[PDB]
Every structure is written in C-alpha cells, then in structure tokens.
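Working notes for the structure below.
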C-alpha cells in the first residue's frame, strides 16, 4: 500500500532529479554543436550555464538525502513515550510504598494479569525481527518504534492498577522494578538503534551494543514472564498458559523455519529427556490430586513453560530428519500431547478453586492416562528411526543411578554399616566380579566394532552394557559386604575401583553418542578406541584390585597403582578448560584445601608405619579428597562473582598441588618398595611443598571470594536449631502414615491388593526407625557441642561451616526423603501406577540416611553413645528400605 | 552510489568541456559515453 | 597538637577497623603502612618479612583476603625514616582528603540501570549534599544537592528519593535503615 | 561457445541459490519438496 503523505514528501526529490535530466538534455545537444564548431563565444557561456544548472541541482539533491532522516523523527517521539511512562513508574513507586493510592474495585487482578501477559507476548514477538530489521532497513526503524512505544503507555496503566490492589508489599513493588528494567532496556535499545541508524558503513562496535541490547531485552522477557504467570499460578487461573500451548501450537503450524546448525541426533537426545520429565511430573500431580490440590498451581505452569521448550526443540526436527514423512509424523504427536495437557491444566485450575470436588479428580485421571499412552507414540517413532542414540540416553540415565547405587555403598563402609553378611568372604565373590569382567571386555571390544553399522546391533550392545554393569554392581556389593565392617578401608577401595570404571564406562558411551553408525577416522572415534583402552587399563586394574585385596604383602602396593591411574584420568580433563554446570562455593573449596593438612598426617604416617592396610586408608582418603577438590577448583572457578583473572591462578595452583601430590604418591610407592627411614623423612619434606601449594591455593581462594563475608552465618548455631527442627518433622512425617486411612473408595484407589499393607508396615518401620534415628542424631550433635570435637575457632570455621551447612542439609534431605517416601506411600495405597518411582523413593531415603551418617561421622567416632544408636537404627532403616525396595519391584509392574 | 557519480559527472562537467576546448573529438566522445553510463546508474539509484 | 591529633588518629583508625569510614585499597594500604609506622617506629626491611603479623588489627575482614601485605611492606618502603608525629599528621590529612570523612555512610543494595542485577553501593549524607559511592573504587559516582531533592520515602526493606523534574528518574535502593536516613534528612531543616 | 556458456552456468547457480532462498521461506512443504528437485534438475541439466 502506498501513502500520499510520503508521496508528497518524496516528491521534491523527483523535482531535482527530473530537472537534472533537463539540465542534461540541453547539455549534450549544445555539446553536439561544439563537436562541429570548437570555438564559439556564446557557446562557452551557455555550456557553463548548463553545468551550473547541473551543479545547482547537485547540491540540493545531495542534501535532501541527509535531510531525509529516515526513522529519526519517530524514535524521538518514543523517547517522550518512555519519559512519560517512567514518570508513571516514579509516582506509583511513591504512592505504593506509602499505600496512599486508591485501587479500582471494578477492575480485577487476573483480568489485568491477562492483559499484561498478552502485551509482553506481542512485544517479544517483535524484538527478534527488530534486530534484523534494524541493520537492514532504516525506514523500518521508525516503523517499529511506532508499534513498540504505543504498547507501554497502557501497559504501565495496567501495571499501576494491579499494583494498587496488590496485598503483598514486596510483591507490589517488585512488579514496578522489572517494568522499569523493561523500560530502560528498551531505552538503551532506543539509544543503540538511533546512533547506528541501520548503517552498514558504521562499524561493528555498535553492533555489539545492539546484541547487548538484545540480551538486555531478553533479560526483560524472562523477568516479566516468570513474575506474572507464577502470580497467576498462585490462583487457579488458567488463561494465557493454556493459550501458551496454542502459542506453541501455531509456531509448529508455521512449519520448518530453516536448516538447523545442530545435528539431528543432537536434538533427538534433548527431546527424550524432556519427554521423560513431563511424564513423571503429571504422575506427581496424581499424588497431589486428592491429597494437596493447592500445590498444583505452578506445577502445570512449569509444564506450560516446558512444553514451549518441547515445541522449540521439535521445531528443527522435521528439516533435520532425512524423510519428511517421518518428520511430519513427529510434529502432530506434539500437538496430541498439547491437546491433552490443555485439558489437564484447565480441569485442575477449577479443581484449584474447588478442592472438595472429586469427579474432576477422576476426570483428571483418564486424560493423564491418555497422554501417557500418547507419549509412548512420540518416542516409538524415534525408536522406528535408526538415527538418534535413544538407547544411550537410557544407558547414561541408568548407570548414573548405578553410580547413585554405588554412592550408597561407598557410604556404607565409611559409616561402618556394611557388616559381614553371613559366611561371605573375599574368596567367595572374587570370581563373579571377574567373570562379569570377562564379558565386559568383549562388550567393550564390540563397541568399536559397532561404531559403523545398523542401529539394532548398536542398541543391543548398549542395553547389554547396562545389563553387564548391573550384574557387576550386584556382585560388587556381595564382595564389599564380604569383607566386614571391622576393616572398612578395603571395602572402599573395592567399590571405588568399579566406581571409576563406571565413570569410565559412562564416558565410553559418550564416545558412541557422537558416533552412531559413523566412520572411525575421527579422533573422537579414535577416543572410542582410546577411552576403552583407558577402560582396558581399568578393567585389568579390576583384575589387579582383586589381586590387591587377596594378599597382604602387595595389598596397598597394588591398590595405589589403581589410585594414581584414576587421578591421571581426572587430571587429563581437569587441565582441559571445561565450564561446569554446577556452581560451587569457594568455602567448600576451602574445606577441601584445609583437609589436605589432615590428609598429609595420614599419608606420611601410613608410609612410616609401612602397613599396607594404612596405605589403603591413605589411598581411600587421598582419592576422595583429590576428586572433589579438582571439581571444586573447576566449579567455583566459573562462578560469575569470581574474577576471571584469579581463577586461572587457582587453576595453576590447583594443578601443581595435584602434581606435587602425585609425585608424593610416587614417592610413597618407593616407601612401599624401600623400607628405609631416609625415604620417610622426604615425605615430611614433600608434605610442606604440597602445603606450600595449599597456602597459595588458600590465597587464591582469598582473592576469588565474590561474597562480602567469608562465612554466611555462624556454623554451630544454625546447625543446632535445624537438628531438633527436623527431629520433630520426621515425627510429623511418622504420624502422616498413621493418618492415612486405607483406600476404601474405589475412585482414588488404583490398586487395592495386600502388598499395600506390606508397603505400609515397611513405611511405618521406616518412619519409626527414622524418628528414633533422628533422636540418635539429636544426641549426636549435642555430644558434638558438649565434648567439642568439631571445634569452635573462627579459623577452622571455614573448614567446619561447610560441614555445618551439610549437617543442616543432610538432616533436611533425610527429612525430605522421608517426606517424599511418605508422599510415595500416600501414592502407594491409592495406586501410583509407577514401579520406578517407589524404587527411587526407597533408594534415596537410604541414600540420604548414609549421607547423614557420613555427615555425622565427620570429625567424630563410630562407637559413640549416640553413634551406636545411629548404627543400630541406621541398620534398621536399610533393612526396612531394602525390604521396601524388593516390594517396589513388584509394585504396579 | 550517488557519491560515486557525483565525482565522475562532476569531473565530466570539466572532462567533456576541456576536450571541446582542444577539439579532442575522440577524447570528448568517450567522455560522453562514460558520463551517460554514470547517469544510468545515477537515475537507477535515484528512482530506487 | 601532638595529643589531640593523635586521639583523632586513633578515632579514625578505629573507624577504619570497624569499616564505618570507607577507603579504597591503596588508601587502606597507605593507612596500614602509617599504622605500622606508629606501632613499630621507623621501617627496617630486615625486620618486616613474610608471615610477620596478621592483618586483622590493621585491616577489616574484607581486606585481609586481598594478599597485599607485602605491598603494605612496599608502603613500608614508602615510610622509611618518617617520625611518629609526621605519620599521625599524614594519617589525619589523608583521612580528611577523602570525602568519606565526617559523612554519614550507609551500605545499600541497588538495582542496575537496565540490568536486572543487585549491586552494593554506598550512600553518603552530609547536612547539604548526598553522594553515591562505588563499592570497588570508592569513587563518588554522583552528587545531589539537598535543595534539588524534592521528597523521600522509606519502607521496612526499601527507600526511594524523588527529585522532581530536576532529575529524570527517582533513586530506589534496598535499605534496612532508611527510616533513620529519612530522620536525618528531616533533621536538615536549616534552610 | 565457451564464454557464453560460463554466463549461462553462472545463472544456473543463481537459480540454485534462488531455490534455496525459496525453499527456506516457503510455507507449503509440497512446493518446498518441488524446490528441492528444482535446483537438483538444474544441476542434472547443467552438468550433463
């Protein structure tokens, strides 16, 4: 469409342009006569007059392009629009902090929240084309700011109405700040767009200021998003969030946007994990359906935001697929789950307003069961496609739980709960570890043979690899419990041998993750032949670890060879710069740094005693310390508050402290080779050289601290109050199962057999033991504050405050795991239709139990007055959990 | 694109005139064909 | 006076040690060198070595983790054979040279302009002017006359300053003691 | 023959470049499927 107003504005440009041709028309024909006659006195007078009519039209036409100013006048009106709305935010902040502004009783909160949500959604849809249309078209710049600046003037008017009738005073002021943050981000976006003007001649330093303003607006996206829908999820309002399913649907109806930069196998792995997360989330809401319907508010809103992540991940899936028939088969299955979840949220939102209603609960049961069968179809087509390491995603999630199964077992011996079970000895179970290892090398050998081929032999070798280690980890627990609790240190080196093998096995499948049916000339597929060769040296160390325990002359000699072998696997990727996802405090690194001073007293005195059992007690203490220290040297380094110049100083000091300790680990090998005391005196001299790197690691940790304080709170104070606070919480969790009546109602009871009575007596025996276990833990720390073993000095408070923070956590994580098991036992009697949930709830309640027993035994003994009550009741927890574990294998299968 | 032909046709105001002062007819005639082509890109830019 | 200026030096040193008087890192190192010049007389390079004394008596706990005492010992080389009274005079003069002396200072948490981030700042109030001071550099970012500031409002958690049309935008901070700030502002009734 | 064929083979790549801009911007997947074999049959005609 053409506008006559800009047509009249562009019309003087054609005036000087057409008269330029008029000055050029008479010029050449007068120059045509000059070709015949070179010397004519009136000809040079009119030829200069011809060129003057050109040049007078030159100066007017050139300055008209600079006096055009496209998009310059319209952005100035957006400045006054932003200056007006900011002054609206000024006086609203004055009135609401004084509570003097009268609200509007006619208008509603959730009606205003629906308007403000839709306002930002139309804003956010314009921002991503705005950055591209900035540099491309200068007339589009004034065009888009006419659309954008007109949005904020009723949006601020909609904001001041909801904030006036907002009851919560911290919530009534936080909405003004993010709108102020949204306004200034668009104001700096106005500053970057006006200064650049969409000029490709202008340099890229303005373009980096544009992309900074892109992330400034993207910051204003998620701040305004999460603050308002969660406020709507505080009520039972289903509006906008149900439209967000449609707003995820219409982008799928747009079709393939373009060719993706990532691989088809990369986005397939991101889909199957997010599809696994939403299936257990709605199954969690089955438990919260009849029990606590008020908790269902932000649960579906979390599922609302995750479905937008699901649609965005599935957006380049069709183009990345080889067949459009398979790719279009995926995209409709997303909307099938989108239709079912949309009925799931709006029925629960009315159930949020009506908690006493039970028919909507039963109506929510079937549509949750419908999408459970529908989510089986969104992965069966992925199973039909040979592309995608779908078995490897199920492999890595399984062996992480096997690692979590081994996490319970490494804390069995350190707490001392792993007693000798019957007549089991090391000679009885040494071959079952190795006979499984004989098939393990053959499973490792065919992994590089299945590097190129079909998906059927690849997924069969992937599933048999998980079946190998699960057969291996069960006989590891048979061999670890066979040694007895009297010598716990050889139990630790037995499990940690196969634990680092499993960590090497988890990295082994990650080589086949990027290599699915592909060639082997790539170095990552050569790393599939190299990390397996590392695993070959680990599975033969597993042959040697069996040979280490069975004798005593080379007991700690052969155990330390596998200890130094494991550190070089860790130090290879530690020297490689890898930003971790987890953020660790530097105070946790200070606890691990000061622990080497106590570890040097254990390491040198073991070599001076020349006892191979004390070397294993050193090698278990050295490997456990050096593993998390290099993790704390990597996770705390990439914290945003930590300065980026001081983190490589700690990475340099952390590398050479491990290099100074590995040489110390090489010299205590010579102490096992040579019993001369002259080699023992060098261990005292080498201990300060590691401690010299420890003191530099301390001073590197001193200059990295982004927090204002070296410790958040006092360590002994909050550890004591949360101890007795969680002591009554388990007793409150113990009476919950007795409060739960048997499900006489046929509607809520999915399963009503007699094994629910076996679960309930197992859950009550969990609840009765943990009520006495936490009182054994209540007398444990009360003896720690009476005898005074953990210390109270402020210098060691950084070494004990992280333990005191963990003493709060592991008591509350026990209080959380006993809450989630009671949440599982609430779902067990009514029927949860999930076998793996009751397995995971009974395993984590034993995992937190050994975690708190480890957190209690730090700077404490195993045979205290309360620790022996922690031992007897802690064994009563595990024997009740494992009875519940085997009952959970048959529960809802 | 305007600033290209502004210096070309600005020189061609003196380029086609000085050759006619000397009578350099092949030099003047080639200067017209370059100035005409410069006006072709001038008009096609100004119309855009 | 060698006694009253010494007492003012002791008061300023105590206000440094509790942190009520904000100073930059180089000024803290120079004041720690002056304090060592007072406590140990003239400086000898053989006497001061690594691991000599703890910095908790010379610096607050936010400055003992800087690893700069050798720099303070380098400041000891800036001391030399300076006498005690001249060290007191230079301590009081460098204390009065900075704008933080005698000014009511409060550590606050503010929101960044454009960025959704919490940043600590310092608010310094006199009888006639208020100032914003950076946390790291201890530099006066912006000044505001009392006559130009129109109104002020407090909360149990936050505080704001209305400047009217003289300044675009208000000043919002998270103060747990802004009620005493507004009480001191209302105490400036002398026009 | 050879100089004019280079001008033709230049413009066939412009048609293959135009089909890639077309198929990335086409709402209809049927014509996008035809856009794949469009530049393919250009290469099937030109290289022969």
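By the numbers in Swiss-Prot, the shown part of chain A spans 1587-2479.
Recorded method is electron microscopy, 6.2 Å.
Placement of Cβ uses the backbone N, Cα and C atoms for every residue, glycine included.
According to Swiss-Prot, the phosphoserine annotation covers A:1849 (among others), on the basis of a large-scale study or a structure entry. Less than 8 angstroms from the CB of residue A:1849 (phosphoserine) sit A:1906, each of them six or more residues away in the same chain.
Long-range Cβ proximity for residue A:1855 (phosphothreonine), meaning a same-chain Cβ under 8 A and a gap of 6 or more residues, is found for A:1974, A:1975, A:1979, A:2099. Taken from Swiss-Prot, the feature phosphothreonine applies to A:1855, supported by a large-scale study or a structure entry.
Under the DSSP three-state reduction, residue A:1878 (phosphoserine) is assigned to coil, being neither helix nor strand. According to Swiss-Prot, the feature phosphoserine maps to A:1878 (among others).
Per Swiss-Prot, the feature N6-acetyllysine maps to A:2031 (among others); the stated evidence is a large-scale study or a structure entry. Reduced to three states, the DSSP call for residue A:2031 (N6-acetyllysine) is helix.
As annotated by Swiss-Prot, phosphoserine applies to A:2040 (among others), with the evidence given as a large-scale study or a structure entry. Proximity of residue A:2040 (phosphoserine) to non-local residues of its own chain (separation of 6 or more, Cβ distance below 8 Å) is seen for A:1972, A:2103, given in sequence order.
Taking Cβ-Cβ distances under 8 Å and a sequence gap of 6 or more within the same chain, the neighbours of residue A:2115 (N6-acetyllysine) are A:2034, A:2106. In three-state terms derived from DSSP, residue A:2115 (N6-acetyllysine) belongs to a helical segment. Annotated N6-acetyllysine per Swiss-Prot: A:2115 (among others), in sequence order.
Annotation source Swiss-Prot lists region 'Helical bundle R9' at A:1655-1822.
Annotation comment: Swiss-Prot describes A:1823-1973 as region 'Helical bundle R10'.
Taken from Swiss-Prot, the feature region 'Helical bundle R11' applies to A:1974-2140, supported by similarity to another entry.
Here Swiss-Prot flags A:2141-2294 as region 'Helical bundle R12'.
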If one measures from the C-alpha of residue A:2031 (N6-acetyllysine) to the C-alpha of residue A:1878 (phosphoserine), what distance in angstrom results, rounded to a whole number? 52
C-beta crowding around residue A:1878 (phosphoserine), within 10 angstroms: 12
How many neighbouring Cβ atoms, not counting its own, are there within 10 Å of the Cβ of residue A:2031 (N6-acetyllysine)? 11
Where residue A:1849 (phosphoserine) falls in three-state DSSP terms: coil
What three-state class does DSSP give residue A:2040 (phosphoserine)? coil
For residue A:1855 (phosphothreonine), the three-state DSSP class is helix
